[PDB]
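Visitor: Chains as they are written, first to last, in the entry's author numbering: chain AS, 4 to 81; chain AC, 2 to 207; chain AU, 2 to 25; chain AJ, 3 to 100; chain AM, 64 to 125; chain AN, 2 to 61; chain AI, 2 to 128; chain AG, 2 to 156. Where is the CB? At the ideal position from N, CA and C, for every residue including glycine. Below you'll find the structure I mean.
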RNA sequence: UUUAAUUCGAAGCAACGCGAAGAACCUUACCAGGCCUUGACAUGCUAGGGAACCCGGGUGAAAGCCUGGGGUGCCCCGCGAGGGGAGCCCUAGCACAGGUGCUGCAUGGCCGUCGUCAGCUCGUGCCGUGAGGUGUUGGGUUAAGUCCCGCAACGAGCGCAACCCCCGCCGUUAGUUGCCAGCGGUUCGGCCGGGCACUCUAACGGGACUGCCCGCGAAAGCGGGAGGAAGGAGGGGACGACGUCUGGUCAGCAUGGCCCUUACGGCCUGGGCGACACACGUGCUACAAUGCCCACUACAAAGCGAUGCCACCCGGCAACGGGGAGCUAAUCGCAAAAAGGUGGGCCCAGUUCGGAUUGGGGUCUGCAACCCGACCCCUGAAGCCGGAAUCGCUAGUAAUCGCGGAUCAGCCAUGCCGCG
Ligand SMILES: [Mg+2]
Ligand SMILES: [Mg+2]
Ligand SMILES: [Mg+2]
Ligand SMILES: [Mg+2]
Ligand SMILES: [Mg+2]
Ligand SMILES: [Mg+2]
Ligand SMILES: [Mg+2]
Ligand SMILES: [Mg+2]
Ligand SMILES: [Mg+2]
Ligand SMILES: [Mg+2]
Ligand SMILES: [Mg+2]
Ligand SMILES: [Mg+2]
């Protein structure tokens, strides 16, 4: 856990934040598993790469402190 | 997997470093690197000269390189044009100014590296190995060695089955640490791959 | 023992310092 | 009053320099605190003999940095003259403090 | 502070909360395995019971 | 992947972390001693020739 | 006035000075039983004094460095014998029948590669 | 081993009673080279032999040791198919060694919680001809005798 | 087994904490997807431009693709127009590079291993039709084909041993940053004078040889004794015969041959090598009272460090953070050594044993700790000494206790190599 900054990537932050100049679609492919989920980004379906494919994760207030990777298993069945 | 490097085994005792400089932790890295691009360049350019050693001293961050050759004629040139470029080549590749001295290997038949190189060169040119070997050892001993050994690795005569033809005369007391066993190792690159050649010359005690 | 971080010995062992092995 | 510190990998040629830089310094008429042997720092390198597979069997190397101390305790100009000009170093490093 | 039962309560809640949209950490809990990055190929016997020896393997016959 | 990896090791890039030791004759990336700039094979090979100045078989 | 023995044992070095007196004994400026406090074996230090009667007849100023108390104890046992054989050579025909003038070459043996610690070999399996 | 008889280690005498036999026993009490603890355990224990009798610990000690030494033991010897536990003499040295080890081994089976008491009482019991050390020793002569039939292989 | 991938190799001893002395990205050889092609790298030829260099603009996850600018030192026609010019850099074309793709029965080099076992040979002589034998079968003795005796053999070589390093006793040289015995002074720590004596440091030497004594023996040797710090090879290293194993390694490197050429080459972002129903090897921590906790108090050695070791303050329960000396380091630092000793607490309990697992809240490294880092601070699993079996060790050894290092930003090190 970081603690000065919240290490979210800007290519993600911008495609997100320009998008709340009056709310739009969601064809928002990203690769930055690395990036923390940010307040009010609730509503954006994000397509987080898992090594193979981009897996659309529906975002929500109960999950803000969590990185985006956390909701995209990289490995299949255990 | 055995027999340690008869040079490595001596070093402090009996046989000396091929590079004698000092450098601290911050420096060794870079001078060693130089040493190596130095030896490497001279190793191929002075092939025809039959070079045995490339000793390297280093003082007021300035570099003297003694090249112990059998054929100073070849490193020099007619009136020294070749050694000109050689002194300039080193300088090109080192950002520095490098003394390059020659030194005739007095008897090349007691230079393990040369004896080894000669046999390797002979093999590269389709000579019979067993004979080449046996002769090399006669040459060494004739030149007053107390003992000599020569070993050609494998794929002699081009065979599928790799081998190892050895041949020796006199004492070669490898365990004896006061001995002064020069050791030498050249490749034969061939149509059929590599053979390695080891020569051991035993020269005397204490 | 040495596996209890919250003690002298498990701190020594782990090579660390805290409330249970203070830096001098 | 002048400290000259000598480092070297070869202890035979370190000692040979220390003695030299003293022989000449007493000959300038300076009093010299005889070459003092400071402890050796040793650098081990422990290396697997084989290129591939053989984690037991392995070979130890060391790089022993030797050290010698020399004080010339009351120094002339004639004394500075010999040193900052009349040298003999091959694989030895001297450095000068005051 | 709280404390027996009104603590148990809190823990479970945290974990069930972790099923959410399902973090990796949230599977794992569902799946019985360890959470904190641990090796499952050899251990994890605390988070699985003792050993369920479902086996069968030797070599090639002829 | 080797010749171009001994090359990409020399260029020094985004993020200081991505740089790594890499032996100076061998391209080897593992067991390179930072004092010599050499792989543990490289270092043995040279050590024995008396081309690492100062370096000796140790024994105690 | 002052008699000396150097005592060594197992990386311990004992500078030992013998004077005559009441019987007192100092190790690094501390009383002998404050320094060696609670170590059943400490008394062994003075065993060469008892070997010539002469226990209380001496005062000893001892400095000790390196090792651990028990090596230091042993080193002191050697200093003390060396010291007093110094000032009376005949304290030797009756001091050598016991080991007191021997050094004790026994030293930690070197850790060896492939072993876990000099001899203790790695566990071997086969299967 | 194969070449020679092997030299028996001369132990340094005891610092109190001056007995080599006490340092043996101490060396059996000793665990992980913690000899201080050991000798500290043996001496406490000697003081417990005071508090619970006006006898010298050394005398009583030496008496326990004498009652735990065995006379004979079954020593395993092999025919070549089935195996016979054969009865035979015990060396002086072996006796001492067996005696001290059992003593210690026996003492630590005991239910009291401090070691020094365990070693004292077990010493007391053994000098009184009956501890757990003495059963071991008895068991061992009752293992010979139970096998006196095979005493014609005495190796 | 699984997976998109869980790169690859090692396979009884002699594969399995092994290559790996450091996998989040890098590494990295694998997977996915996005990109590049005379190429990330080399040697050289042709040609319009450009010819060093350096800066932002779009589009991107990044590579990349597209972009627009600052702006020619140099050889030289020269007082200039203008104009030759070599480095050097981009565009296209030509040769070529690149391949951790295959083969360790095509190889070199290096290594393992039998085995530090006591062997393996040769020259001449002699024996035998010959392969071959003797020598080197025998008796004694040794750690040893070590030595003695004997003998159709007399010698020699590779091995053994010795010559090399460490440790143990002492001497000479040297006296600072190391030491402090006797002084003198003193803000106590050798702090100042002094001094190098002792300790050290480290370089050169001496010293052990069955030399001396007793016994046995034909001898070599053996048993014992004395002296000596040390004996009977003083204790450890380094050191590995002729050969064996179609041993290991084409993935360290080199290398013959085979194969790939807008891809089997090259760049990136992300994933993976960390998967888990199982099985095995090596370890660590344990099950406790010879113990456990807390306080206090000691006694090491070998290493490491000037973009690093960090004293000492302060804040913080703390990881750590702010300050901030000293140290090119026998100077200053990492550094607390732990077990030990002294106090006190626990009172036989799944416990004040044990610290797994899990929840939270913090710290630090780094572009970034979701997969996957370590550390700190507030749940308490199994485990009551382990079946068949099986390992290590003969003395400062085992056992136990800590310390340091390489790699390394950090670290999954409980590993390794060392130190006591
Ligand atoms: Mg606990
Ligand atoms: Mg191992
Ligand atoms: Mg790195
Ligand atoms: Mg140890
Ligand atoms: Mg193994
Ligand atoms: Mg392969
Ligand atoms: Mg092979
Ligand atoms: Mg293979
Ligand atoms: Mg094979
Ligand atoms: Mg792995
Ligand atoms: Mg239970
Ligand atoms: Mg219990």
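(1) Closest Cβ-Cβ distance between residue 5 of chain AN and chain AJ: below 8 Å?
(2) Of all the beta strand (DSSP E) runs that stay within the bounds of the stretch 22-104 of chain AI, which reach a length of 3 or more residues?
(3) For the 8 Å Cβ check, are there 3 or more pairs between the stretch 82-90 of chain AI and the stretch 37-56 of chain AN?
(4) Does the stretch 84-103 of chain AC come close enough to the stretch 53-64 of chain AC that 3 or more CB-CB pairs lie under 8 Å?
(5) Using a Cβ-Cβ distance cut-off of 8 Å, determine whether residue 115 of chain AI contacts chain AJ.
(6) Kindly list, in the order they appear in chain AC, the residues whose Cβ is closer than 7 Å to that of residue 92 of chain AJ.
(7) Are the C-beta atoms of residue 64 of chain AJ and some chain AN residue less than 8 Å apart?
(8) From the DSSP output, which residues share a beta bridge with residue 84 of chain AG?
(9) Does the distance from the C-beta atom of residue 29 of chain AG to that of residue 101 of chain AG stay below 8 Å?
(10) So within the stretch 55-91 of chain AC, which uninterrupted alpha helix (DSSP H) runs reach at least 4 residues, ignoring any that extend past its ends?
(11) Taking 8 Å as the threshold (C-beta atoms), are residue 29 of chain AI and residue 65 of chain AI in contact?
(12) For residue 72 of chain AI, is the classification buried or exposed, using 16 other Cβ atoms within 10 angstroms of its Cβ as the cut-off for buried?
(13) For residue 6 of chain AI versus residue 80 of chain AI, is the C-beta distance shorter than 8 Å?
(14) Please go through the same chain and pick out, in chain order, the residues whose beta-carbon is closer than 8 Å to the beta-carbon of residue 181 of chain AC, but skip the five residues on each side of it.
(15) Would a check of beta-carbon distances place residue 72 of chain AJ closer than 8 Å to chain AN?
(16) Considering residue 198 of chain AC, what are the terminal residues of the beta strand (DSSP E) in which it resides?
(17) Nearest by alpha-carbon distance to residue 37 of chain AS: which of AS:7, AS:13, AS:80, AS:81 is it?
(18) Any heavy atom of ligand 1 closer than 7 Å to the Cβ of residue 17 of chain AJ?
(19) With DSSP collapsed to three states, give me the class of residue 15 of chain AS.
(20) Cβ closer than 7 Å: which chain AS residues qualify as neighbours of residue 85 of chain AM?
(21) Out of AJ:22, AJ:57, AJ:75, state which residue places its alpha-carbon closest to the alpha-carbon of residue 89 of chain AJ.
(22) My parser needs the beta strand (DSSP E) runs of 3 or more residues fully inside the stretch 28-66 of chain AJ; what are they?
(23) List the residues of chain AJ whose Cβ lies closer than 7 Å to the Cβ of residue 1 of chain AN, in chain order.
(24) At 8 Å on the CB atoms, spell out the chain AM contacts of residue 66 of chain AS, in chain order.
(25) Chain AM partners of residue 61 of chain AS, CB-CB under 7 Å?
(26) Take residue 189 of chain AC and list the residues in its own chain whose beta-carbon comes closer than 7 Å to its own, dropping the five residues that flank it on each side.
(27) Along the chain, which unbroken stretches of the alpha helix (DSSP H) at least 4 residues long are found entirely within the stretch 17-95 of chain AG?
(28) Assign residue 86 of chain AJ to buried or exposed, taking buried as 16 or more other Cβ atoms, counted over all protein chains shown, within 10 Å of its Cβ.
(29) What residues in the stretch 8-39 of chain AN have a beta carbon less than 9 Å from any beta carbon of chain AJ?
(30) If you draw a straight line from the alpha carbon of residue 109 of chain AM to that of residue 99 of chain AM, how long is it in whole angstroms?
(31) Using a Cβ cut-off of 8 Å (strictly closer), state whether residue 2 of chain AC contacts chain AJ.
(32) Which residues of chain AJ have a Cβ atom closer than 9 Å to the Cβ of residue 47 of chain AN, listed in chain order?
(33) When the Cα atoms are used, what is the spatial distance from residue 50 of chain AC to residue 111 of chain AC?
(34) Let me check you understand the geometry: is the CB of residue 48 of chain AG closer than 7 Å to at least one non-hydrogen atom of ligand 4?
(35) Do residue 62 of chain AJ and residue 46 of chain AJ come within 8 Å of each other at the CB atom, strictly closer than that value?
(36) Just to confirm, is the Cβ distance from residue 69 of chain AC to residue 92 of chain AC under 8 Å?
Guide: The structure says:
(1) Counted from its first residue, the sixth chain places residue 5 of chain AN at position 4. By this cut-off, residue 5 of chain AN is not an interface position.
(2) Those beta strand (DSSP E) runs which fall completely within the stretch 22-104 of chain AI and span 3+ residues are 26-28, 59-66.
(3) No, the stretch 82-90 of chain AI does not touch the stretch 37-56 of chain AN.
(4) Below 8 Å, enough C-beta pairs join the stretch 53-64 of chain AC and the stretch 84-103 of chain AC to call them touching: three or more.
(5) Start at 1 with the first residue of the seventh chain, and residue 115 of chain AI comes out as number 114. So, interface residue.
(6) Against the fourth chain, residue 92 of chain AJ aligns to sequence position 90. Residues of chain AC whose Cβ lies closer than 7 Å to the Cβ of residue 92 of chain AJ are, in chain order, 21, 58, 60.
(7) Locating residue 64 of chain AJ in the fourth chain gives position 62, where the first residue counts as 1. With 8 Å as the cut-off, residue 64 of chain AJ counts as an interface residue toward chain AN.
(8) Locating residue 84 of chain AG in the eighth chain gives position 83, counting from the first residue. AG:79.
(9) Stepping through the eighth chain from its first residue, residue 29 of chain AG is reached at position 28. Stepping through the eighth chain from its first residue, residue 101 of chain AG is reached at position 100. Yes; because the gap between Cβ atoms is below 8 Å, this pair is in contact.
(10) Correct list: 73-77.
(11) In the seventh chain, counting from the first residue as 1, residue 65 of chain AI sits at position 64. In the seventh chain, counting from the first residue as 1, residue 29 of chain AI sits at position 28. Between residue 65 of chain AI and residue 29 of chain AI, the CB-CB gap stays under 8 Å.
(12) Within the seventh chain, numbered from 1, the residue matching residue 72 of chain AI stands at position 71. Residue 72 of chain AI should be labelled buried.
(13) Here residue 6 of chain AI is taken as the residue at index 5 of the seventh chain, counted from 1. Here residue 80 of chain AI is taken as the residue at index 79 of the seventh chain, counted from 1. A contact, by the Cβ cut-off of 8 Å.
(14) Start at 1 with the first residue of the second chain, and residue 181 of chain AC comes out as number 180. Only 11, 15, 16, 203, 204, 205, 206 meet the Cβ criterion.
(15) Here residue 72 of chain AJ refers to the residue found at position 70 of the fourth chain. No, its Cβ sits nowhere closer than 8 Å to a Cβ of chain AN.
(16) Start at 1 with the first residue of the second chain, and residue 198 of chain AC comes out as number 197. Note, residue 198 of chain AC: beta strand (DSSP E), 194-203.
(17) Position 34 of the first chain, counted from the first residue, corresponds to residue 37 of chain AS. Of the listed residues, the one whose Cα sits closest to residue 37 of chain AS is AS:13.
(18) Against the fourth chain, residue 17 of chain AJ aligns to sequence position 15. Residue 17 of chain AJ Cβ: outside cutoff for every heavy atom of ligand 1.
(19) Within the first chain, the letter at position 12 stands for residue 15 of chain AS. Residue 15 of chain AS: helix per DSSP, three-state reduction.
(20) Numbered from 1 along the fifth chain, position 22 holds the residue referred to as residue 85 of chain AM. Near residue 85 of chain AM (Cβ distances below 7 Å), the residues of chain AS are 74.
(21) Within the fourth chain, numbered from 1, the residue matching residue 89 of chain AJ stands at position 87. For the options AJ:22, AJ:57, AJ:75, the alpha carbon positioned closest to that of residue 89 of chain AJ is the one of AJ:22.
(22) Restricting attention to beta strand (DSSP E) runs no shorter than 3 residues, the stretch 28-66 of chain AJ encloses them at 34-50, ordered along the chain.
(23) This structure gives no information on residue 1 of chain AN, because the portion of chain AN shown stretches from 2 to 61.
(24) If you number the first chain from 1, residue 66 of chain AS lands on position 63. Neighbours of residue 66 of chain AS on chain AM, chain order: 83, 84, 86.
(25) Residue numbering aside, residue 61 of chain AS sits at position 58 when the first chain is read from its first letter. What residue 61 of chain AS touches in chain AM: 84.
(26) Along the second chain, one-based indexing puts residue 189 of chain AC at 188. Excluding its 5 nearest sequence neighbours in each direction, residue 189 of chain AC has C-beta neighbours in its own chain below 7 Å: 121, 124, 125, 195, 196, 198, listed in chain order.
(27) Whole alpha helix (DSSP H) segments, 4+ residues: 21-30, 36-52, 58-69.
(28) Taking the fourth chain and counting its residues from 1, the one referred to as residue 86 of chain AJ is at position 84. The residue is exposed, with fewer than 16 neighbouring Cβ atoms inside 10 Å.
(29) Correct list: 32, 34, 36, 37.
(30) Residue mapping note: residue 109 of chain AM aligns to position 46 of the fifth chain, counting from 1. Residue mapping note: residue 99 of chain AM aligns to position 36 of the fifth chain, counting from 1. Rounded to the nearest angstrom, the two C-alpha atoms are 13 Å apart.
(31) Locating residue 2 of chain AC in the second chain gives position 1, counting from the first residue. Residue 2 of chain AC counts as touching chain AJ.
(32) For the purposes of this step, residue 47 of chain AN is taken as the residue at position 46 of the sixth chain. By Cβ distance, chain AJ contributes nothing, its closest Cβ being about 10 Å from residue 47 of chain AN, past 9 Å.
(33) Mapped onto the second chain, residue 50 of chain AC falls at position 49. Mapped onto the second chain, residue 111 of chain AC falls at position 110. One alpha carbon belongs to residue 50 of chain AC, the other to residue 111 of chain AC, and they sit about 16 Å apart.
(34) If you number the eighth chain from 1, residue 48 of chain AG lands on position 47. Not one heavy atom of ligand 4 sits closer than 7 Å to the Cβ of residue 48 of chain AG.
(35) In the fourth chain, residue 46 of chain AJ corresponds to position 44, counting from 1. In the fourth chain, residue 62 of chain AJ corresponds to position 60, counting from 1. By the CB criterion at 8 Å, residue 46 of chain AJ and residue 62 of chain AJ fall inside the cutoff.
(36) Residue numbering aside, residue 69 of chain AC sits at position 68 when the second chain is read from its first letter. Residue numbering aside, residue 92 of chain AC sits at position 91 when the second chain is read from its first letter. No; because the gap between Cβ atoms is not below 8 Å, this pair is not in contact.
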